[PDB]
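Have a look at the structure below before the remarks.
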Amino acid sequence: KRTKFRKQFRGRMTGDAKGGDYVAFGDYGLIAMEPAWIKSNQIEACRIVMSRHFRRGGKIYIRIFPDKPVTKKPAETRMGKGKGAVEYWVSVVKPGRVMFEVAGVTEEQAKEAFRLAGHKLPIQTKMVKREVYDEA
Amino acid sequence: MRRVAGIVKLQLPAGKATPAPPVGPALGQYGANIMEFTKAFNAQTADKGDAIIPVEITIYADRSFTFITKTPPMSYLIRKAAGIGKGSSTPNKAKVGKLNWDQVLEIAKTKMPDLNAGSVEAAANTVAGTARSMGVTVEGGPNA
Amino acid sequence: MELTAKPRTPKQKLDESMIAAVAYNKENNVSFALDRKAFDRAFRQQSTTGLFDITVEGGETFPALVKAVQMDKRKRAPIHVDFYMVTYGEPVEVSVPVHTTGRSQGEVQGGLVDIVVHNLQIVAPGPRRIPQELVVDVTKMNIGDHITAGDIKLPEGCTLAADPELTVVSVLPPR
RNA sequence: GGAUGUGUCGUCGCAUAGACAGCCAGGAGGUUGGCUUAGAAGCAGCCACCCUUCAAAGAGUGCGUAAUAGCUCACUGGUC
């Protein structure tokens, strides 16, 4: 969800995903395909979906994290007078970046918990499975 | 009241006179006497006492019935062979006790018209299986 | 495996399903390009501890190991490969997969087997004979039980690049 | 988001030990497995998947019942 202390406001720009395209901490992984912004609550949503479907307990790695403050001006104001005041928080997930890692669950379980998380997501995704030893 | 026969399988506690929840309208709806089964089966529970001996009841028609009385589940004598009158919460996170390979010789000797098994090893290990997921831990095995 | 060309120019192979690669002897250094399909079957089979034979379209066939692989982030597929031309008696340091064997007595009272570090990099075997996997027993292991990098059974002539009190295959509680 | 539309590649699987489909039959004994429960007996919720007979039959999939009983699948045999 939120960061704890910071600077306040920000900006916007894009190209392909820095690190990391590879599958650590787990056996199955879910990957972006589109240059989105991702809000806390959207992740929160995926977290709760997958957490329920796994029941107790599995193991869930939420790689992505919202450090980026997005603002929205008040209702019905003429432009200017200031910058909008922190509406919510996004995490700038670029394509190929791995958003999710789950392990301690079968392939089937992983597929499903993934698909369920996917339908809650602003962007297309793909699941995959290890071999990406660029390092470890 | 008619002639629509039926082979009905059930289960009743031995030494009790059943009310509305067990029998009543469960097998008295095919056509059989209930006044002469509280003086029939309840008198052969004076044989083997204190268990839930399974019964199978076949009904012809009219006022006819024929029943078979099997063997008492020694899950009333394995919970008695420990100290808990109601089974374990789980069989692999809270056990019960430990019977013997000779309290198995009264399982496969009352259950001789039961387990279609052959030799002693088979007829012992079969209901050594019942006492697996019931919670209890077994005394024995090979070697020793 | 049988690559052919090696110029600095890629248009000769790009679409045709080939990967750009380099294999270096440490004295001898050679660029080239392998059929993808092949190296896929291959690298899947043999992984990083691989060891397979490489005959350049000129007659000369040399044995080698896989040192690094470079991916398309968006297509998730090989575009380039770093290849170590093996030596003989001492190689380099080999990263090998920790596995797990037998129903642990952790998954039976509450928790689960968690390979806290999938890939363990050892120093040396004598190259010809590389450990390709690395079985660790876990049946003794309860919930709250860490396996340090020490306790791993190496197959003689093998040492540990790892700090051998570092947590590997550990079994975690539920919830 | 969805879809046995159609072209093109690739993966994997099953098959001359007879398969996918179709059609006949079995689908088992412990055992209402334990727990819960007013009852739960494959099938409202918490832990485990063991033996018996065999060419084959899994504490088992959906419908079903207040719960039984009941219909059918995972396996095998014939048929081709």
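Simple scheme: letters A, B, ... for chains in structure tokens order, numbers from 1 for residues in each chain, numbers from 1 for ligands in the order shown.
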Item to check | Proximal residues of chain B relative to chain D (only C-alpha atoms (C1' of nucleotides); 6 Å) as a PyMOL selection string | outcome: chain B and resi 89-90+115+117+125-126+129+134
Do you know which residues are at most 9 Å from residue 62 in chain D counting only C-alpha atoms (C1' of nucleotides), after dropping those on the same chain fewer than 2 positions away, and could you put them as a list in words?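 Surrounding residues, per the criterion: residues 43, 72 and 73 of chain D.
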Please save C-alpha atoms (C1' of nucleotides) of the selected residues as a PDB file, in the first residue's frame.
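Below is the file result.pdb, written as the result:
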ATOM      1  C1'   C D  43     -21.005 -34.611  -2.079  1.00  0.00           C
ATOM      2  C1'   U D  72     -22.784 -40.876 -13.448  1.00  0.00           C
ATOM      3  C1'   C D  73     -17.971 -40.259 -14.049  1.00  0.00           C
TER       4        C D  73
END
**Message:** List the spatial neighbours of range 38-46 of chain C as a PyMOL selection string - criterion: any atom at most 12 Å away, only C-alpha atoms (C1' of nucleotides), same-chain residues fewer than 2 positions off excluded.
**Reply:** (chain A and resi 130-133) or (chain C and resi 1-3+17-21+33-36+48-54+64-69+77-81+83+96-97+130-133) or (chain D and resi 10-11)
Go ahead and dump the residues you just picked, C-alpha atoms (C1' of nucleotides), as a PDB file, in the first residue's frame.
ATOM      1  CA  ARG A 130      11.634 -20.310 -13.539  1.00  0.00           C
ATOM      2  CA  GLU A 131      14.807 -21.036 -15.696  1.00  0.00           C
ATOM      3  CA  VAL A 132      15.625 -17.308 -15.585  1.00  0.00           C
ATOM      4  CA  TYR A 133      18.975 -17.695 -13.814  1.00  0.00           C
TER       5      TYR A 133
ATOM      6  CA  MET C   1      24.816 -28.517 -31.663  1.00  0.00           C
ATOM      7  CA  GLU C   2      26.130 -27.146 -34.977  1.00  0.00           C
ATOM      8  CA  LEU C   3      26.227 -23.364 -35.516  1.00  0.00           C
ATOM      9  CA  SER C  17      15.399 -18.726 -35.505  1.00  0.00           C
ATOM     10  CA  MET C  18      19.040 -18.539 -34.417  1.00  0.00           C
ATOM     11  CA  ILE C  19      20.663 -17.091 -31.303  1.00  0.00           C
ATOM     12  CA  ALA C  20      23.679 -14.808 -31.295  1.00  0.00           C
ATOM     13  CA  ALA C  21      26.412 -16.311 -29.154  1.00  0.00           C
ATOM     14  CA  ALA C  33      25.088 -18.267 -34.085  1.00  0.00           C
ATOM     15  CA  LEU C  34      23.166 -21.436 -33.084  1.00  0.00           C
ATOM     16  CA  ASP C  35      19.763 -22.814 -34.182  1.00  0.00           C
ATOM     17  CA  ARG C  36      17.305 -21.683 -31.492  1.00  0.00           C
ATOM     18  CA  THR C  48      24.060 -23.865 -16.601  1.00  0.00           C
ATOM     19  CA  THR C  49      26.114 -26.888 -15.488  1.00  0.00           C
ATOM     20  CA  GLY C  50      25.534 -28.178 -19.011  1.00  0.00           C
ATOM     21  CA  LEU C  51      28.572 -29.416 -20.979  1.00  0.00           C
ATOM     22  CA  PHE C  52      27.917 -30.113 -24.654  1.00  0.00           C
ATOM     23  CA  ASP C  53      29.878 -30.389 -27.910  1.00  0.00           C
ATOM     24  CA  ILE C  54      30.157 -27.527 -30.382  1.00  0.00           C
ATOM     25  CA  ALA C  64      31.694 -26.135 -23.579  1.00  0.00           C
ATOM     26  CA  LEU C  65      29.537 -24.942 -20.677  1.00  0.00           C
ATOM     27  CA  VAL C  66      26.867 -22.171 -20.355  1.00  0.00           C
ATOM     28  CA  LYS C  67      28.066 -19.013 -18.543  1.00  0.00           C
ATOM     29  CA  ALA C  68      25.226 -16.523 -19.124  1.00  0.00           C
ATOM     30  CA  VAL C  69      21.984 -16.088 -21.070  1.00  0.00           C
ATOM     31  CA  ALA C  77      12.985 -15.668 -25.043  1.00  0.00           C
ATOM     32  CA  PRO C  78      16.744 -16.017 -25.757  1.00  0.00           C
ATOM     33  CA  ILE C  79      18.406 -13.411 -27.976  1.00  0.00           C
ATOM     34  CA  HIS C  80      22.069 -13.895 -26.903  1.00  0.00           C
ATOM     35  CA  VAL C  81      24.356 -16.395 -25.078  1.00  0.00           C
ATOM     36  CA  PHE C  83      29.474 -19.599 -23.520  1.00  0.00           C
ATOM     37  CA  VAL C  96      23.532 -25.827  -9.150  1.00  0.00           C
ATOM     38  CA  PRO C  97      19.889 -26.301  -8.092  1.00  0.00           C
ATOM     39  CA  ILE C 130      29.936 -31.647 -12.576  1.00  0.00           C
ATOM     40  CA  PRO C 131      27.102 -32.110 -10.114  1.00  0.00           C
ATOM     41  CA  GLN C 132      23.983 -31.255 -12.143  1.00  0.00           C
ATOM     42  CA  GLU C 133      21.511 -31.345  -9.242  1.00  0.00           C
TER      43      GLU C 133
ATOM     44  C1'   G D  10       5.856 -24.766 -32.180  1.00  0.00           C
ATOM     45  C1'   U D  11       5.189 -27.660 -27.588  1.00  0.00           C
TER      46        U D  11
END
Within 9 Å of chain B, which residues belong to chain C? Use only C-alpha atoms and report them as a PDB file with N, CA and C atoms, in the first residue's frame.
ATOM      1  N   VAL C 108       3.342 -31.925   7.399  1.00  0.00           N
ATOM      2  CA  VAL C 108       2.400 -32.867   7.970  1.00  0.00           C
ATOM      3  C   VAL C 108       1.864 -32.371   9.316  1.00  0.00           C
ATOM      4  N   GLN C 109       2.419 -31.285   9.843  1.00  0.00           N
ATOM      5  CA  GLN C 109       1.850 -30.722  11.066  1.00  0.00           C
ATOM      6  C   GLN C 109       1.429 -29.266  10.893  1.00  0.00           C
ATOM      7  N   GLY C 110       1.944 -28.583   9.877  1.00  0.00           N
ATOM      8  CA  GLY C 110       1.503 -27.219   9.649  1.00  0.00           C
ATOM      9  C   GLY C 110       2.049 -26.464   8.455  1.00  0.00           C
TER      10      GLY C 110
END
I need the residues of chain A that end up classed as helix (DSSP H, G or I) by DSSP on the backbone, written out as a ChimeraX atom specification. /A:40-54,107-119
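With CA of residue 115 in chain C on one side and CA of residue 110 in chain A on the other, the separation reads 17.3 Å.
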Practice prompt. Hey, list the chain C side of the contact with chain A: 7 Å cut-off, only C-alpha atoms, answer as a ChimeraX atom specification.
Written response: /C:68-69,73-74,112,119,174-175
* **Interface, chain A side, toward chain D (12 Å; only C-alpha atoms (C1' of nucleotides)) as a ChimeraX atom specification** => /A:56,118-121,123-124
Preceding selection exported with N, CA, C and O atoms as a PDB file, in the first residue's frame:
ATOM      1  N   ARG A  56      -5.197 -21.130   3.597  1.00  0.00           N
ATOM      2  CA  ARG A  56      -3.922 -21.350   4.258  1.00  0.00           C
ATOM      3  C   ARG A  56      -3.212 -22.450   3.448  1.00  0.00           C
ATOM      4  O   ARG A  56      -3.829 -23.467   3.112  1.00  0.00           O
ATOM      5  N   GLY A 118      -5.714 -11.686 -12.429  1.00  0.00           N
ATOM      6  CA  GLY A 118      -5.573 -11.040 -13.719  1.00  0.00           C
ATOM      7  C   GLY A 118      -6.805 -10.255 -14.045  1.00  0.00           C
ATOM      8  O   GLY A 118      -6.716  -9.084 -14.370  1.00  0.00           O
ATOM      9  N   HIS A 119      -7.961 -10.898 -13.920  1.00  0.00           N
ATOM     10  CA  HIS A 119      -9.231 -10.207 -14.133  1.00  0.00           C
ATOM     11  C   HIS A 119      -9.395  -8.954 -13.249  1.00  0.00           C
ATOM     12  O   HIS A 119     -10.169  -8.066 -13.590  1.00  0.00           O
ATOM     13  N   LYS A 120      -8.660  -8.852 -12.147  1.00  0.00           N
ATOM     14  CA  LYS A 120      -8.706  -7.646 -11.320  1.00  0.00           C
ATOM     15  C   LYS A 120      -7.728  -6.571 -11.800  1.00  0.00           C
ATOM     16  O   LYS A 120      -7.672  -5.471 -11.238  1.00  0.00           O
ATOM     17  N   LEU A 121      -6.962  -6.886 -12.839  1.00  0.00           N
ATOM     18  CA  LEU A 121      -5.861  -6.023 -13.264  1.00  0.00           C
ATOM     19  C   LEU A 121      -6.074  -5.176 -14.533  1.00  0.00           C
ATOM     20  O   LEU A 121      -6.623  -5.656 -15.534  1.00  0.00           O
ATOM     21  N   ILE A 123      -4.333  -4.472 -16.909  1.00  0.00           N
ATOM     22  CA  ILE A 123      -3.517  -4.812 -18.063  1.00  0.00           C
ATOM     23  C   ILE A 123      -3.417  -6.306 -18.296  1.00  0.00           C
ATOM     24  O   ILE A 123      -3.540  -7.109 -17.362  1.00  0.00           O
ATOM     25  N   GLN A 124      -3.161  -6.677 -19.543  1.00  0.00           N
ATOM     26  CA  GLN A 124      -2.956  -8.076 -19.877  1.00  0.00           C
ATOM     27  C   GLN A 124      -1.759  -8.632 -19.116  1.00  0.00           C
ATOM     28  O   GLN A 124      -0.859  -7.881 -18.754  1.00  0.00           O
TER      29      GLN A 124
END
message = Set the distance at 12 Å and use only C-alpha atoms (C1' of nucleotides): which residues neighbour range 97-99 of chain B once local chain neighbours fewer than 2 positions away are removed? I'd like the list as a VMD selection string.
response = chain B and resid 74 to 75 77 to 84 87 to 88 91 94 to 95 101 to 107 127 to 128 131 to 132 134 to 140
Output file for the selection above: N, CA, C and O atoms, as a CSV table (one decimal), in the first residue's frame:
chain,number,residue,atom,x,y,z
B,74,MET,N,-15.7,-51.6,16.2
B,74,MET,CA,-14.8,-51.4,17.3
B,74,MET,C,-14.2,-50.0,17.4
B,74,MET,O,-13.1,-49.8,17.9
B,75,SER,N,-14.9,-49.0,16.9
B,75,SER,CA,-14.6,-47.6,17.1
B,75,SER,C,-15.3,-47.1,18.3
B,75,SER,O,-15.1,-46.0,18.8
B,77,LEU,N,-14.8,-49.4,20.8
B,77,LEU,CA,-13.8,-50.1,21.7
B,77,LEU,C,-12.3,-49.8,21.3
B,77,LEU,O,-11.4,-50.5,21.8
B,78,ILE,N,-12.1,-48.7,20.5
B,78,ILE,CA,-10.8,-48.1,20.3
B,78,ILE,C,-10.8,-46.7,20.9
B,78,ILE,O,-9.7,-46.3,21.4
B,79,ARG,N,-11.9,-46.1,20.9
B,79,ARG,CA,-12.1,-44.9,21.8
B,79,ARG,C,-12.2,-45.3,23.2
B,79,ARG,O,-11.9,-44.5,24.1
B,80,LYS,N,-12.6,-46.5,23.5
B,80,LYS,CA,-12.6,-47.1,24.8
B,80,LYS,C,-11.1,-47.6,25.1
B,80,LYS,O,-10.7,-47.7,26.3
B,81,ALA,N,-10.4,-48.0,24.1
B,81,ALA,CA,-9.0,-48.4,24.2
B,81,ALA,C,-8.0,-47.2,24.2
B,81,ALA,O,-7.1,-47.2,23.5
B,82,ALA,N,-8.4,-46.2,25.0
B,82,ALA,CA,-7.6,-44.9,25.1
B,82,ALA,C,-8.1,-44.1,26.2
B,82,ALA,O,-7.6,-44.0,27.3
B,83,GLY,N,-9.2,-43.4,25.9
B,83,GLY,CA,-9.9,-42.5,26.9
B,83,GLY,C,-10.8,-41.4,26.4
B,83,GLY,O,-11.2,-40.5,27.2
B,84,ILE,N,-11.0,-41.4,25.1
B,84,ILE,CA,-11.8,-40.3,24.5
B,84,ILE,C,-13.0,-40.8,23.8
B,84,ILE,O,-13.0,-41.5,22.8
B,87,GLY,N,-14.1,-39.1,18.8
B,87,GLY,CA,-12.9,-39.1,18.0
B,87,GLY,C,-11.9,-37.9,18.0
B,87,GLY,O,-12.3,-36.9,18.5
B,88,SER,N,-10.7,-38.2,17.5
B,88,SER,CA,-9.7,-37.1,17.5
B,88,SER,C,-10.1,-36.0,16.5
B,88,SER,O,-10.8,-36.3,15.5
B,91,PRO,N,-6.6,-36.8,12.6
B,91,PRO,CA,-5.9,-38.0,12.7
B,91,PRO,C,-4.3,-37.9,12.6
B,91,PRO,O,-3.6,-38.8,13.0
B,94,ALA,N,-3.4,-34.7,16.2
B,94,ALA,CA,-3.8,-35.0,17.6
B,94,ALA,C,-4.3,-36.4,17.7
B,94,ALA,O,-5.5,-36.7,17.5
B,95,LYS,N,-3.4,-37.3,18.1
B,95,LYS,CA,-3.7,-38.7,18.1
B,95,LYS,C,-4.6,-39.2,19.2
B,95,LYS,O,-5.2,-38.3,20.0
B,101,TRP,N,-2.1,-56.1,18.3
B,101,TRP,CA,-2.3,-57.0,17.2
B,101,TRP,C,-3.2,-58.2,17.6
B,101,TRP,O,-3.5,-59.0,16.8
B,102,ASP,N,-3.6,-58.2,18.9
B,102,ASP,CA,-4.5,-59.2,19.5
B,102,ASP,C,-5.9,-58.6,19.7
B,102,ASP,O,-6.8,-59.4,19.9
B,103,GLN,N,-6.0,-57.3,19.7
B,103,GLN,CA,-7.3,-56.7,19.6
B,103,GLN,C,-7.7,-56.4,18.2
B,103,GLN,O,-8.6,-55.7,17.8
B,104,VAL,N,-6.8,-57.1,17.3
B,104,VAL,CA,-7.1,-57.2,15.9
B,104,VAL,C,-7.6,-58.6,15.6
B,104,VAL,O,-8.4,-58.8,14.6
B,105,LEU,N,-7.3,-59.5,16.5
B,105,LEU,CA,-7.8,-60.9,16.4
B,105,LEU,C,-9.3,-61.0,16.8
B,105,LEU,O,-9.8,-62.1,16.7
B,106,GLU,N,-9.9,-60.0,17.3
B,106,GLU,CA,-11.3,-60.0,17.6
B,106,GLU,C,-12.0,-59.0,16.6
B,106,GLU,O,-13.3,-58.9,16.7
B,107,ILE,N,-11.2,-58.4,15.8
B,107,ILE,CA,-11.8,-57.6,14.7
B,107,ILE,C,-12.0,-58.6,13.5
B,107,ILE,O,-13.1,-58.7,12.9
B,127,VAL,N,-8.3,-53.7,8.7
B,127,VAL,CA,-8.9,-52.9,9.8
B,127,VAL,C,-7.8,-52.3,10.7
B,127,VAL,O,-8.0,-51.6,11.6
B,128,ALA,N,-6.5,-52.6,10.3
B,128,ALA,CA,-5.4,-51.8,10.8
B,128,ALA,C,-5.5,-50.4,10.0
B,128,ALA,O,-5.0,-49.4,10.5
B,131,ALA,N,-8.1,-47.9,11.7
B,131,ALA,CA,-7.5,-47.3,12.9
B,131,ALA,C,-6.3,-46.4,12.5
B,131,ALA,O,-5.4,-46.1,13.3
B,132,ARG,N,-6.3,-46.0,11.2
B,132,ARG,CA,-5.2,-45.1,10.8
B,132,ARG,C,-5.8,-43.7,10.8
B,132,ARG,O,-5.2,-42.8,11.4
B,134,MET,N,-8.6,-42.7,11.9
B,134,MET,CA,-9.4,-42.5,13.1
B,134,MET,C,-8.6,-41.7,14.1
B,134,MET,O,-9.2,-41.0,15.0
B,135,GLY,N,-7.3,-41.7,14.0
B,135,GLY,CA,-6.4,-40.9,14.8
B,135,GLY,C,-5.3,-41.7,15.6
B,135,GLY,O,-4.3,-41.1,15.9
B,136,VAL,N,-5.6,-42.9,15.9
B,136,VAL,CA,-4.7,-43.7,16.8
B,136,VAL,C,-3.5,-44.2,16.1
B,136,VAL,O,-3.4,-44.3,14.9
B,137,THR,N,-2.4,-44.5,17.0
B,137,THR,CA,-1.1,-45.0,16.5
B,137,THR,C,-1.0,-46.5,16.8
B,137,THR,O,-1.3,-46.9,17.9
B,138,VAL,N,-0.4,-47.2,15.8
B,138,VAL,CA,-0.4,-48.7,15.9
B,138,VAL,C,0.8,-49.3,16.6
B,138,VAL,O,1.9,-48.9,16.5
B,139,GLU,N,0.5,-50.3,17.4
B,139,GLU,CA,1.5,-51.1,18.1
B,139,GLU,C,2.0,-52.3,17.3
B,139,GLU,O,1.3,-53.3,17.2
B,140,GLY,N,3.1,-52.2,16.6
B,140,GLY,CA,3.7,-53.3,15.9
B,140,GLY,C,4.2,-53.0,14.5
B,140,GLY,O,4.8,-51.9,14.2
